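Novice: Let me give you the structure first, and then I'll get to my questions.
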Amino acid sequence: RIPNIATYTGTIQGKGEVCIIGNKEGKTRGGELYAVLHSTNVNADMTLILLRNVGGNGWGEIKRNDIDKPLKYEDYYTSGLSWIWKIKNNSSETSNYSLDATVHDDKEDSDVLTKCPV
């Protein structure tokens, strides 16, 4: 029930920190590690960082992208490690975030907005 990319649009509560792996798609095809963090205001100050942690419950990977920027990585290898799109904000005001990702919806993961605080 979504056009091309699954637009995860919401309001990040100030300097929020959230791990997005939520489902909001339907297509079988998508983008291998492809998601664009959209932000429209003064200074979005939003850090779209590609993370993968599994066991320590502390996301901390090095694939950082900027505001209004599509993140694509050819590192789709080792598909046995939990990876995430982490949104960390630096803006004081509740900023709008629009994470347009192309993923195959077939899961019922916990966080599709702001439930994963790490």
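Going through the structure tokens in order, the chains are called A, B, and so on, while each chain numbers its residues from 1 and the ligands are numbered from 1 in the order shown.
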Excluding residue 52 (chain A) and any residue of its chain fewer than 3 positions from it, enumerate the residues within 10 Å of it, using only C-alpha atoms, and give them as a CSV table (one decimal) with N, CA, C and O atoms, in the first residue's frame.
Specialist:
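Final output, around_10.csv:
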```
chain,number,residue,atom,x,y,z
A,49,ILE,N,22.6,7.1,10.2
A,49,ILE,CA,23.8,6.2,10.3
A,49,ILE,C,23.4,4.8,10.3
A,49,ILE,O,22.5,4.3,11.0
A,57,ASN,N,23.0,-5.1,22.3
A,57,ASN,CA,21.9,-4.1,22.4
A,57,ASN,C,22.4,-2.7,22.4
A,57,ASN,O,21.9,-1.8,23.1
A,58,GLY,N,23.5,-2.5,21.6
A,58,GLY,CA,24.0,-1.1,21.5
A,58,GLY,C,24.5,-0.9,20.1
A,58,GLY,O,25.6,-1.3,19.7
A,59,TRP,N,23.7,-0.3,19.3
A,59,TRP,CA,24.0,0.0,17.9
A,59,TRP,C,25.1,1.0,17.7
A,59,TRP,O,25.1,2.1,18.3
A,60,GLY,N,26.2,0.6,17.0
A,60,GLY,CA,27.3,1.5,16.8
A,60,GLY,C,28.1,1.2,15.6
A,60,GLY,O,29.3,0.8,15.7
A,61,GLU,N,27.6,1.3,14.4
A,61,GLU,CA,28.3,1.1,13.1
A,61,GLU,C,28.7,2.4,12.5
A,61,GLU,O,28.1,3.4,12.9
A,62,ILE,N,29.6,2.3,11.5
A,62,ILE,CA,30.2,3.5,11.0
A,62,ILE,C,29.7,4.1,9.7
A,62,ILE,O,30.2,5.1,9.2
A,63,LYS,N,28.5,3.7,9.2
A,63,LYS,CA,28.1,4.2,7.9
A,63,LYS,C,27.2,5.4,8.1
A,63,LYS,O,26.0,5.3,8.0
A,81,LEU,N,23.8,-10.8,10.6
A,81,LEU,CA,24.0,-9.8,11.6
A,81,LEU,C,22.8,-8.8,11.5
A,81,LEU,O,22.6,-8.3,10.5
A,82,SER,N,22.2,-8.5,12.7
A,82,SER,CA,21.1,-7.5,12.7
A,82,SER,C,21.7,-6.1,12.4
A,82,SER,O,22.5,-5.6,13.1
A,83,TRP,N,21.1,-5.5,11.3
A,83,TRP,CA,21.5,-4.2,11.0
A,83,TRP,C,20.3,-3.2,11.1
A,83,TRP,O,19.2,-3.7,11.1
A,84,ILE,N,20.6,-1.9,11.2
A,84,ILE,CA,19.5,-1.0,11.4
A,84,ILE,C,19.8,0.4,10.8
A,84,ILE,O,21.0,0.7,10.5
A,85,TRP,N,18.8,1.1,10.5
A,85,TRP,CA,18.9,2.5,10.1
A,85,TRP,C,18.7,3.4,11.4
A,85,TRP,O,17.6,3.5,11.9
A,86,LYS,N,19.8,4.0,11.9
A,86,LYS,CA,19.7,4.7,13.1
A,86,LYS,C,19.6,6.2,12.9
A,86,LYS,O,20.4,6.8,12.1
```
Novice: Would you list the contacts of residue 37 (chain A) as a list in words, taking every protein, DNA or RNA residue within 9 Å and counting only C-alpha atoms, but skipping same-chain residues closer than 5 positions in sequence?
Specialist: residues 8, 46, 47, 48, 65, 66, 67, 68, 69, 70, 71, 87, 97, 98, 99, 100 and 101 of chain A
Novice: Go through A:42, A:118, A:54, A:113 one by one, measure the shortest atom-to-atom distance of each to residue 11 (chain A) using only C-alpha atoms, and give the residue with the smallest value.
Specialist: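 For residue 11 (chain A), the nearest of the candidates is A:113.
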Novice: Go ahead and compute the interatomic distance for CA of residue 88 (chain A) and CA of residue 17 (chain A), in Å to one decimal.
Specialist: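 CA of residue 17 (chain A) lies at a distance of 4.5 Å from CA of residue 88 (chain A).
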Novice: Which residues are near residue 76 (chain A)? Cut-off 12 Å, only C-alpha atoms, ignore same chain within fewer than 2 positions. Put them as a list in words.
Specialist: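 The filter keeps residues 31, 32, 33, 34, 50, 52, 72, 73, 74, 78, 79, 80, 81, 82 and 83 of chain A.
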Novice: Got a sec to tell me which of region 26-66 of chain A DSSP assigns to strand (DSSP E), as a list in words?
Specialist: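 Listing strand (DSSP E) positions across region 26-66 of chain A yields residues 34, 35, 36, 37, 38, 46, 47, 48, 49, 50, 51, 52, 63, 64 and 65 of chain A.
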Novice: Excluding residue 45 (chain A) and residues on its chain fewer than 6 positions from it, collect all residues at most 6 Å away from it, counting only C-alpha atoms, and give them as a PyMOL selection string.
Specialist: chain A and resi 89-91
